[PDB]
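The next block holds one structure in the form of structure tokens; read it before the comments.
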Amino acid sequence: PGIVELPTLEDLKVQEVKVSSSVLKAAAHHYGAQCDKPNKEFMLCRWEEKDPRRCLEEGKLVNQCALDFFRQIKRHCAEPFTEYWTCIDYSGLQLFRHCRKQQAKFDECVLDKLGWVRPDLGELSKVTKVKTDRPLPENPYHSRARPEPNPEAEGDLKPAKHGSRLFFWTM
Amino acid sequence: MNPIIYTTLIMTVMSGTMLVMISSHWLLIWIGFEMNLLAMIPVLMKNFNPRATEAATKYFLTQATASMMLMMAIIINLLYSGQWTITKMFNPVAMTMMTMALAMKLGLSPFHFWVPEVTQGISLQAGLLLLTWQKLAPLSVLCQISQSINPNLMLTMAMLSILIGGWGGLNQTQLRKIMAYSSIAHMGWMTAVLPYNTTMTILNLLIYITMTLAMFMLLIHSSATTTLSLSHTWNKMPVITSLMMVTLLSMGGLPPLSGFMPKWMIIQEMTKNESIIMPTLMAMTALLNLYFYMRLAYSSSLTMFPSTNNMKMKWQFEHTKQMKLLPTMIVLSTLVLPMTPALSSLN
Amino acid sequence: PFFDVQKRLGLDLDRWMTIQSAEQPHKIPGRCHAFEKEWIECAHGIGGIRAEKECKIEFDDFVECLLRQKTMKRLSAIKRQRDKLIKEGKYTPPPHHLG
Amino acid sequence: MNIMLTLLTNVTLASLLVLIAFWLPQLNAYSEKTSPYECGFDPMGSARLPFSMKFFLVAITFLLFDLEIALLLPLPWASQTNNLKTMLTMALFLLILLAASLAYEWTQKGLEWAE
Amino acid sequence: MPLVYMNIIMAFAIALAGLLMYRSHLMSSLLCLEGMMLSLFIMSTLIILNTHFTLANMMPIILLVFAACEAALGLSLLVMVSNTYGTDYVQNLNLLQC
Amino acid sequence: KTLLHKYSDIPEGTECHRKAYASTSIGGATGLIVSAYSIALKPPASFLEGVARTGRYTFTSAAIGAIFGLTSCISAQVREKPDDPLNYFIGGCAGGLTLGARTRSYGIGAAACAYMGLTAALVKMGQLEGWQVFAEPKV
Amino acid sequence: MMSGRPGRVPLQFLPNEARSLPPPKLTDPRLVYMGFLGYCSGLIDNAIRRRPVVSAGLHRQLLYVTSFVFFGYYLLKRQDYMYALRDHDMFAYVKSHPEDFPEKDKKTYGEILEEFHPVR
Amino acid sequence: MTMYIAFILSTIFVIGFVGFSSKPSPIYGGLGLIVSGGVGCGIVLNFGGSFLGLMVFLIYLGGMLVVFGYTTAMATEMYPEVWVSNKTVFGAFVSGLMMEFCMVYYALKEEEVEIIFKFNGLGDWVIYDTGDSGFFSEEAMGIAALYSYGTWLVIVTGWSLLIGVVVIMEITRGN
Ligand SMILES: CCCCCCCCCCCCCCCCCC(=O)OC[C@H](COP(=O)(O)OCCN)OC(=O)CCCCCCCCCCCCCCCCC
Ligand SMILES: CCCCCCCCCCCCCCCCCC(=O)OC[C@H](COP(=O)(O)OCCN)OC(=O)CCCCCCCCCCCCCCCCC
């Protein structure tokens, strides 16, 4: 009953980040607060537009905005990145608790090299207001027209005409 | 059994039935049925006679099977609709599935085979509870889901209920078996009108409640379980046999007695629903109940059966029971026909 | 229910769980939250008789959402014709089929 | 993949370990050798009789007790709920009723099972 | 509907038949009864897990803890029958008759 | 009710063999149902006489079903009156007589003649007029 | 059937808007019959307990009449409510559905051709 | 193979059910039932129902059926009624191995099996849903709601269990 419209593979050939999981996790805190604006725009689209195909343009933007976050640290102290994500990779659960010294060394550069700051606890979990230009969807669920409710009761109650009206009972 | 334990056991049985009538969730409906079952068996076990053990075992096997079979009707409806709300369900096989599942609890179709035997084994007071209170819970579900029922399937189950329930009643000596066969016959009358209009399905319920409380507590007051034992009660207390014959006539449905009010309204409804052959046949089978009703009435008070010289002690002493609510029970169960238009209150 | 005490005194006993689009732990969804929400709001204040036919579209869509009968039949017919064709060597699956 | 593979390996290990414990010892059983041992004397024909109620009574109490504890496995995740007060009250209820069932069962003889 | 759902549904139906088609051991009958609920417990888990009815993960335990309660009643009646009669036969469990 | 639909599809007093086949199928199925019940409630002590019991019940019910099949159809064929209720009445009595033959008693056959013939008229009465036994909920 | 009408608050024996109806008059013939039922219970109440029926425990059957009358009275108001309610939304429906209730034509018996059957 | 692994577990579930439903010896029926009890857990495990799957092992395999063995040890009909003892049980066991073998072949060929319901014989894996559960196990969060939203069920389930122990001793007390 229609077409499941799918985007062509052309727009899907977007640059994808090629890094192991521990690389993301090691720099996750220093990535979330510093690339929030496109991230919030994309994920606002995901929950508002409610359709995957609508947020394709933003989908490549966050991936792109990940790459220019993953490039200056190469033109800066990529060496403290190496052992830090290596040590995190050694952990089975990628626990930060064991590898804190390399975290400090990693944090020391970005405080001065790019001048970033480590986000505090709860800061990343804060709900943030994202400023966008796209209009809000009208019917994200594509709802149809709604059946009209049956008319309500109205008018004052009057005594039953001629009583119960059940066989010979007068009242 | 300790009275405090007995009171609690009845309290849960009442609450379990109350739970069924007040639950909008199918799982909770099942919860009420099972925990009502969970406390029904010990009450039947109060006397603890080998006949009772046979009766309780029979009662549990059929009720547990029906309740377990009820789960699939919920599960299948869940599977095809994902709705736990007790409403018009969405599967003919599931609708069919529960209809016999609930019918076995009520005992209308051949399912009814447990109803007589369990009553025979267990005590008179327990039979009163089983045949009156334990019929509200299965009826409560049917009233709510009446809009989804297949008319042919339910009308049939009602038909064999009055048909067989009345037919075998002619061949019962023990009063307990007579009452159960009457119960199965009365089960058909309410169930027949159930798909059409639920209002007088209830009206039949409270009315049918009234005689069965009236009859059983009269029988308990008589302390008699057989026809011959009932016959001797004329010598001790002729008055009680007089009221019992009024209720026996009333429960038979002769006007202007109360028992005519349900049947009259039942015939009126399906006549409005263009079903006119169906009411006629049930009315014809209604006389079948009246026959052994008359036979008991003939043995009880209309005639005067021989007594035993040992009855003379019974004259000297007196009854210690309080038969609570018996006075208002029979009066409300024999002359309420003039107050028929009050059924709109049920609506 | 037969006696809707829940409505009278307004204590929620079971209806929190009767349908899957209600409040859920950690606000995580069911499989067909989108569909059943549409069907529910379609069939509110309407009545069982009218909602059976008027909101039919929202129903079978929602039923198909959780049963997934015709979708599975669609895949079955796709797969059935595939093996009825590739076994004859008429079309060869591309590399992305096999990785 | 590995789970039933681990289950599979143990069962074969057990079966072969009894297999080489069964065919290897060169079974040479006779009639008196296979006869039941009853303290060195004649068996009178038994092990087919009911055993009162105490063994059954404790089994049912254990079964009922096992069912309530089944209701309270999810407590470790229950503590992670948002509304602890309702969870604290409710979990306490199951335990005190578990106590009450034990309390009644104790008071009305019960655990002092029949002899 | 997926092939597996037949396997539980047919499992119940054949379990249902064994519960009704009797023999001489109502002990064996109780086995079909608790097997009957096991399929009910098993199948209920499939839909609820499949459809992500998170709050409905409730009832597989709830159905278990109540179906298990009937075992307490049923097995207790078993020994009661096996005390006034000694055995668990069903043909002899007909003292009611009339 | 496809099996029952077979009888209704064939016009009255036309293709008598089809009507007889449809009628005897109704009787055979009905005899099977009651025979299976009788085996259930009443134990057929030995299996072989159990097949004898269901054989008798099915053979009887088929005979009434078959005989009513011809007598109803041929009478309508002979008298060229399909709407006439008497067509079923003679067939109904004819079926009742066959029951008497199977039980070997004139009294039961005579009783079955009157009752079944009356009902056979009544069901035809309903088919012509439009009587419904299991009426759908109308009001 | 009124099982799900809009506004029915559950477990409400006498809804408030039912007060807009003429209350049953204190000697309504239906009400006194309800009082009859209370008395008729009283006479037999002494009968089972083997007491001097009519003149036996004036307090006992006196309470019976009182209880039956009040429980009767509230029942009658509730009974009058549904019949008034049943007729009310009835009338509101037919005005809302004129097409399903045609006004049958006005023809006198003069033009009506009613065939006549002699008794002979 | 692993294509239709859940097809397998469902199959032993059926034959395990046919085992005890064929009314064999109550211990042997218990053996057949626990076999079905064991295999059924794997079906739930394959769907992610680890907590539900492990419970039936705990309170149904190691739970109910253990006390079932007591009554079997209490009943002890004078001779074992193992499969060789009777011929109807063989017929019941043999029969119950046919129709489910028939309809799987019916379902494996054209998949249009219409017994009672319409049913697809497609691979078990299809009906699975794709989507991450994050860090919260959906099964665990559902059950833990016992003490958050399942307040009403907790009272009724607890109260019935309390009534469960009062009845059991009362019926077994033998007056
Ligand atoms: C719808 C049709 C009819 C349906 C009901 C029919 C019922 C009877 C049918 C026949 C029954 C079987 C045959 C007869 C059985 C008799 C049973 C019996 O016990 O009889 C003997 C018994 C002896 O009497 P006893 O109990 O001693 O009481 C005497 C009064 N104190 O007698 C009795 O116990 C009977 C006691 C009767 C007491 C009557 C009291 C009447 C009081 C009237 C008050 C009027 C007030 C008017 C006020 C006017 C102003 C407002
Ligand atoms: C227009 C379409 C149809 C055209 C064909 C005509 C209708 C179908 C054929 C006729 C069916 C009704 C006639 C009776 C058939 C069953 C007869 C039967 O069961 O006989 C066996 C037995 C009677 O003998 P018994 O009392 O057992 O004595 C010997 C004991 N050794 O039985 C018994 O003991 C039990 C009592 C008899 C069985 C119960 C009643 C069966 C009939 C119910 C109505 C069936 C209506 C079928 C047609 C409408 C529905 C499709």
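By convention here, the chains of the structure tokens are called A, B, ... in the order presented, each chain's residues are numbered starting at 1, and ligands are numbered starting at 1 in the order presented.
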
Excluding residue 14 in chain C and its own-chain neighbours fewer than 2 positions away, which residues fall within 7 Å of it when counting only C-alpha atoms? Please give them as a ChimeraX atom specification. /B:24-25 /C:12,16-18

Please find the residues of chain B near chain A - the criterion being any atom within 10 Å, counting only C-alpha atoms - and write them as a VMD selection string. chain B and resid 338 to 342 344

Output the selection as a tab-separated table (two decimals), in the first residue's frame - N, CA, C and O atoms for each residue.
```tsv
chain	number	residue	atom	x	y	z
B	338	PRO	N	-44.80	-8.13	42.01
B	338	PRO	CA	-45.31	-6.76	41.80
B	338	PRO	C	-44.21	-5.71	41.70
B	338	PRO	O	-44.43	-4.67	41.08
B	339	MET	N	-43.04	-5.97	42.29
B	339	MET	CA	-41.92	-5.04	42.22
B	339	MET	C	-40.98	-5.33	41.06
B	339	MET	O	-39.78	-5.04	41.14
B	340	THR	N	-41.50	-5.91	39.98
B	340	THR	CA	-40.67	-6.24	38.82
B	340	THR	C	-40.00	-5.03	38.18
B	340	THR	O	-38.79	-5.10	37.91
B	341	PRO	N	-40.69	-3.89	37.92
B	341	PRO	CA	-40.04	-2.80	37.19
B	341	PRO	C	-38.82	-2.22	37.91
B	341	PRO	O	-38.17	-1.31	37.39
B	342	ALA	N	-38.51	-2.74	39.09
B	342	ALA	CA	-37.29	-2.35	39.79
B	342	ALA	C	-36.04	-2.89	39.12
B	342	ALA	O	-34.93	-2.50	39.51
B	344	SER	N	-34.83	-2.09	36.41
B	344	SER	CA	-34.09	-1.00	35.77
B	344	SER	C	-32.99	-0.47	36.68
B	344	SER	O	-32.05	0.17	36.20
```

Around ligand 2, out to 9 Å and counting only C-alpha atoms and all ligand atoms, which residues are there? I want them as a CSV table (one decimal) with C-alpha atoms, in the first residue's frame.
```
chain,number,residue,atom,x,y,z
F,1,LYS,CA,-21.8,-25.7,8.5
F,3,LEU,CA,-21.7,-30.3,5.5
F,4,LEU,CA,-25.2,-29.0,6.4
F,5,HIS,CA,-24.9,-26.5,3.5
F,6,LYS,CA,-24.8,-29.4,1.1
F,7,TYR,CA,-28.4,-30.2,1.9
F,8,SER,CA,-29.6,-26.6,1.5
F,19,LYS,CA,-29.9,-35.0,-1.4
F,20,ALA,CA,-29.7,-38.6,-0.2
F,22,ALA,CA,-26.1,-35.0,1.8
F,23,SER,CA,-28.8,-36.3,4.2
F,24,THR,CA,-27.0,-39.6,5.0
F,25,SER,CA,-23.8,-37.6,5.7
F,26,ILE,CA,-25.7,-35.5,8.2
F,27,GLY,CA,-27.0,-38.7,9.9
F,28,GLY,CA,-23.7,-40.5,9.8
F,29,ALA,CA,-21.9,-37.6,11.5
F,30,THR,CA,-24.6,-37.2,14.0
F,31,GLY,CA,-24.5,-40.9,14.8
F,32,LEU,CA,-20.8,-40.7,15.1
F,33,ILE,CA,-21.0,-37.9,17.7
F,34,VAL,CA,-23.5,-39.7,19.9
F,35,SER,CA,-21.7,-43.0,19.6
F,38,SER,CA,-21.8,-43.3,24.5
F,53,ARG,CA,-21.8,-50.1,19.6
F,54,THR,CA,-20.6,-47.2,17.4
F,56,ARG,CA,-25.0,-49.8,15.4
F,57,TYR,CA,-25.5,-46.1,16.3
F,58,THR,CA,-23.9,-44.9,13.0
F,59,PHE,CA,-25.8,-47.4,10.9
F,60,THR,CA,-29.1,-46.4,12.5
F,61,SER,CA,-28.6,-42.6,12.2
F,62,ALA,CA,-27.4,-43.0,8.6
F,63,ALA,CA,-30.6,-45.0,7.9
F,64,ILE,CA,-32.9,-42.3,9.2
F,65,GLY,CA,-30.8,-39.7,7.4
F,66,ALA,CA,-30.8,-41.7,4.2
F,67,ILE,CA,-34.5,-42.7,4.2
F,68,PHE,CA,-35.5,-39.1,5.0
F,69,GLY,CA,-33.3,-38.1,2.1
F,88,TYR,CA,-40.8,-33.7,5.0
F,92,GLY,CA,-40.0,-37.7,8.9
F,95,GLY,CA,-37.3,-42.0,9.1
F,96,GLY,CA,-39.1,-42.8,12.4
F,99,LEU,CA,-35.8,-46.4,13.8
F,102,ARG,CA,-33.5,-50.9,13.9
F,103,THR,CA,-34.8,-51.3,17.5
F,112,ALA,CA,-40.6,-41.8,16.3
F,116,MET,CA,-39.8,-36.9,13.9
F,120,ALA,CA,-39.4,-32.6,10.0
F,123,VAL,CA,-37.9,-27.4,10.2
F,124,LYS,CA,-39.3,-27.1,6.7
```

Using only C-alpha atoms and all ligand atoms, find each protein or nucleic acid residue lying at most 8 Å from ligand 1; present the set as a list in words. residues 234, 237, 238, 239, 240, 241, 242, 243, 245, 246, 256, 257, 301, 302 and 303 of chain B; 43, 44, 47, 50, 51, 52, 53 and 54 of chain G

May I have the selected residues written with N, CA and C atoms, as a PDB file, in the first residue's frame?
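Dumped everything to result.pdb:
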```
ATOM      1  N   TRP B 234     -42.338 -32.981  58.774  1.00  0.00           N
ATOM      2  CA  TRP B 234     -43.685 -32.471  59.007  1.00  0.00           C
ATOM      3  C   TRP B 234     -44.095 -32.667  60.459  1.00  0.00           C
ATOM      4  N   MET B 237     -41.674 -29.996  62.808  1.00  0.00           N
ATOM      5  CA  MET B 237     -42.009 -28.598  62.551  1.00  0.00           C
ATOM      6  C   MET B 237     -42.786 -28.504  61.242  1.00  0.00           C
ATOM      7  N   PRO B 238     -44.111 -28.632  61.308  1.00  0.00           N
ATOM      8  CA  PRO B 238     -44.910 -28.569  60.076  1.00  0.00           C
ATOM      9  C   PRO B 238     -44.814 -27.231  59.374  1.00  0.00           C
ATOM     10  N   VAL B 239     -44.563 -26.153  60.118  1.00  0.00           N
ATOM     11  CA  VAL B 239     -44.535 -24.823  59.523  1.00  0.00           C
ATOM     12  C   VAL B 239     -43.402 -24.704  58.510  1.00  0.00           C
ATOM     13  N   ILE B 240     -42.217 -25.219  58.844  1.00  0.00           N
ATOM     14  CA  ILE B 240     -41.077 -25.097  57.938  1.00  0.00           C
ATOM     15  C   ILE B 240     -41.370 -25.792  56.616  1.00  0.00           C
ATOM     16  N   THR B 241     -41.968 -26.983  56.673  1.00  0.00           N
ATOM     17  CA  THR B 241     -42.357 -27.668  55.446  1.00  0.00           C
ATOM     18  C   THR B 241     -43.347 -26.837  54.639  1.00  0.00           C
ATOM     19  N   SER B 242     -44.143 -26.005  55.314  1.00  0.00           N
ATOM     20  CA  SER B 242     -45.084 -25.147  54.602  1.00  0.00           C
ATOM     21  C   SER B 242     -44.354 -24.081  53.794  1.00  0.00           C
ATOM     22  N   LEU B 243     -43.398 -23.382  54.416  1.00  0.00           N
ATOM     23  CA  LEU B 243     -42.628 -22.389  53.673  1.00  0.00           C
ATOM     24  C   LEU B 243     -41.820 -23.024  52.555  1.00  0.00           C
ATOM     25  N   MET B 245     -42.552 -25.559  50.719  1.00  0.00           N
ATOM     26  CA  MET B 245     -43.402 -25.830  49.568  1.00  0.00           C
ATOM     27  C   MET B 245     -43.756 -24.540  48.837  1.00  0.00           C
ATOM     28  N   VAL B 246     -43.819 -23.412  49.549  1.00  0.00           N
ATOM     29  CA  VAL B 246     -43.989 -22.124  48.878  1.00  0.00           C
ATOM     30  C   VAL B 246     -42.782 -21.828  48.001  1.00  0.00           C
ATOM     31  N   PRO B 256     -48.206 -16.140  40.977  1.00  0.00           N
ATOM     32  CA  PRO B 256     -47.498 -14.864  40.927  1.00  0.00           C
ATOM     33  C   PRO B 256     -46.226 -14.916  41.754  1.00  0.00           C
ATOM     34  N   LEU B 257     -45.737 -16.119  42.036  1.00  0.00           N
ATOM     35  CA  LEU B 257     -44.568 -16.272  42.883  1.00  0.00           C
ATOM     36  C   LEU B 257     -43.335 -15.677  42.209  1.00  0.00           C
ATOM     37  N   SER B 301     -44.955 -31.585  52.547  1.00  0.00           N
ATOM     38  CA  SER B 301     -46.044 -30.977  53.306  1.00  0.00           C
ATOM     39  C   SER B 301     -47.422 -31.218  52.710  1.00  0.00           C
ATOM     40  N   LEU B 302     -47.526 -31.357  51.386  1.00  0.00           N
ATOM     41  CA  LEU B 302     -48.837 -31.548  50.774  1.00  0.00           C
ATOM     42  C   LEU B 302     -49.489 -32.831  51.265  1.00  0.00           C
ATOM     43  N   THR B 303     -48.719 -33.906  51.363  1.00  0.00           N
ATOM     44  CA  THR B 303     -49.149 -35.110  52.048  1.00  0.00           C
ATOM     45  C   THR B 303     -48.500 -35.158  53.426  1.00  0.00           C
TER      46      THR B 303
ATOM     47  N   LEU G  43     -44.044 -11.656  60.491  1.00  0.00           N
ATOM     48  CA  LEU G  43     -44.947 -12.701  60.966  1.00  0.00           C
ATOM     49  C   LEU G  43     -44.283 -14.068  60.906  1.00  0.00           C
ATOM     50  N   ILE G  44     -43.620 -14.373  59.791  1.00  0.00           N
ATOM     51  CA  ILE G  44     -42.992 -15.681  59.670  1.00  0.00           C
ATOM     52  C   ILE G  44     -41.745 -15.759  60.539  1.00  0.00           C
ATOM     53  N   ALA G  47     -42.629 -17.333  63.362  1.00  0.00           N
ATOM     54  CA  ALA G  47     -43.120 -18.676  63.068  1.00  0.00           C
ATOM     55  C   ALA G  47     -41.997 -19.704  63.139  1.00  0.00           C
ATOM     56  N   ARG G  50     -40.996 -20.201  66.542  1.00  0.00           N
ATOM     57  CA  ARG G  50     -42.113 -20.712  67.335  1.00  0.00           C
ATOM     58  C   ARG G  50     -42.510 -19.724  68.429  1.00  0.00           C
ATOM     59  N   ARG G  51     -42.891 -18.530  68.004  1.00  0.00           N
ATOM     60  CA  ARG G  51     -43.376 -17.467  68.863  1.00  0.00           C
ATOM     61  C   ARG G  51     -44.810 -17.112  68.488  1.00  0.00           C
ATOM     62  N   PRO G  52     -45.544 -16.410  69.360  1.00  0.00           N
ATOM     63  CA  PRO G  52     -46.947 -16.102  69.044  1.00  0.00           C
ATOM     64  C   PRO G  52     -47.106 -15.135  67.879  1.00  0.00           C
ATOM     65  N   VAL G  53     -46.600 -15.550  66.714  1.00  0.00           N
ATOM     66  CA  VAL G  53     -46.677 -14.871  65.419  1.00  0.00           C
ATOM     67  C   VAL G  53     -47.010 -13.388  65.520  1.00  0.00           C
ATOM     68  N   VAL G  54     -48.300 -13.058  65.425  1.00  0.00           N
ATOM     69  CA  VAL G  54     -48.708 -11.661  65.297  1.00  0.00           C
ATOM     70  C   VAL G  54     -48.312 -10.868  66.537  1.00  0.00           C
TER      71      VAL G  54
END
```

Near-residue 127 in chain F list (12 Å; only C-alpha atoms; drop same-chain fewer than 2 positions) as a PDB file with C-alpha atoms, in the first residue's frame:
```pdb
ATOM      1  CA  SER F   8     -29.560 -26.630   1.503  1.00  0.00           C
ATOM      2  CA  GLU F  12     -35.885 -29.604  -3.055  1.00  0.00           C
ATOM      3  CA  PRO F  82     -41.307 -28.403  -3.226  1.00  0.00           C
ATOM      4  CA  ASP F  83     -42.752 -25.869  -0.780  1.00  0.00           C
ATOM      5  CA  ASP F  84     -45.209 -28.351   0.725  1.00  0.00           C
ATOM      6  CA  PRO F  85     -44.317 -29.199   4.354  1.00  0.00           C
ATOM      7  CA  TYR F  88     -40.792 -33.693   5.028  1.00  0.00           C
ATOM      8  CA  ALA F 120     -39.439 -32.576   9.983  1.00  0.00           C
ATOM      9  CA  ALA F 121     -42.471 -30.505   9.034  1.00  0.00           C
ATOM     10  CA  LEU F 122     -41.484 -27.769  11.490  1.00  0.00           C
ATOM     11  CA  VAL F 123     -37.919 -27.393  10.218  1.00  0.00           C
ATOM     12  CA  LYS F 124     -39.277 -27.113   6.679  1.00  0.00           C
ATOM     13  CA  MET F 125     -41.801 -24.643   8.089  1.00  0.00           C
ATOM     14  CA  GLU F 129     -40.932 -18.774   6.492  1.00  0.00           C
ATOM     15  CA  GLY F 130     -37.501 -17.783   7.785  1.00  0.00           C
ATOM     16  CA  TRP F 131     -37.553 -18.947  11.391  1.00  0.00           C
ATOM     17  CA  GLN F 132     -34.230 -18.571  13.197  1.00  0.00           C
ATOM     18  CA  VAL F 133     -33.431 -20.700  16.231  1.00  0.00           C
TER      19      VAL F 133
END
```

Which residues of chain B come within 7 Å of chain E, and what is each one's closest atom pair and distance in Å (one decimal), counting only C-alpha atoms, sorted by chain and residue number, as CSV?
```
residue,atom,partner,partner_atom,distance
B:50,CA,E:84,CA,6.5
B:51,CA,E:96,CA,6.1
B:53,CA,E:81,CA,6.9
B:54,CA,E:93,CA,6.4
B:57,CA,E:77,CA,6.5
B:68,CA,E:37,CA,6.9
B:72,CA,E:40,CA,7.0
B:75,CA,E:44,CA,6.6
B:79,CA,E:47,CA,6.5
B:117,CA,E:96,CA,6.3
B:121,CA,E:96,CA,6.5
```

What does the file look like for those residues with C-alpha atoms, as an mmCIF file, in the first residue's frame?
```
data_model
loop_
_atom_site.group_PDB
_atom_site.id
_atom_site.type_symbol
_atom_site.label_atom_id
_atom_site.label_comp_id
_atom_site.auth_asym_id
_atom_site.auth_seq_id
_atom_site.Cartn_x
_atom_site.Cartn_y
_atom_site.Cartn_z
ATOM 1 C CA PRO B 50 -14.165 -40.045 52.487
ATOM 2 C CA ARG B 51 -17.169 -38.887 50.466
ATOM 3 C CA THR B 53 -12.480 -36.159 49.873
ATOM 4 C CA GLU B 54 -13.914 -37.663 46.701
ATOM 5 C CA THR B 57 -10.911 -33.964 44.566
ATOM 6 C CA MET B 68 -5.708 -23.314 33.472
ATOM 7 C CA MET B 72 -4.659 -19.694 26.951
ATOM 8 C CA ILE B 75 -2.596 -15.675 26.162
ATOM 9 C CA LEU B 79 -0.784 -12.939 21.205
ATOM 10 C CA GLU B 117 -21.360 -35.200 42.660
ATOM 11 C CA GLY B 121 -20.120 -35.458 49.040
#
```

Within 8 Å of residue 125 in chain H, counting only C-alpha atoms, which residues qualify if same-chain residues fewer than 3 places away don't, as number ranges by chain? H: 3-4, 6, 128
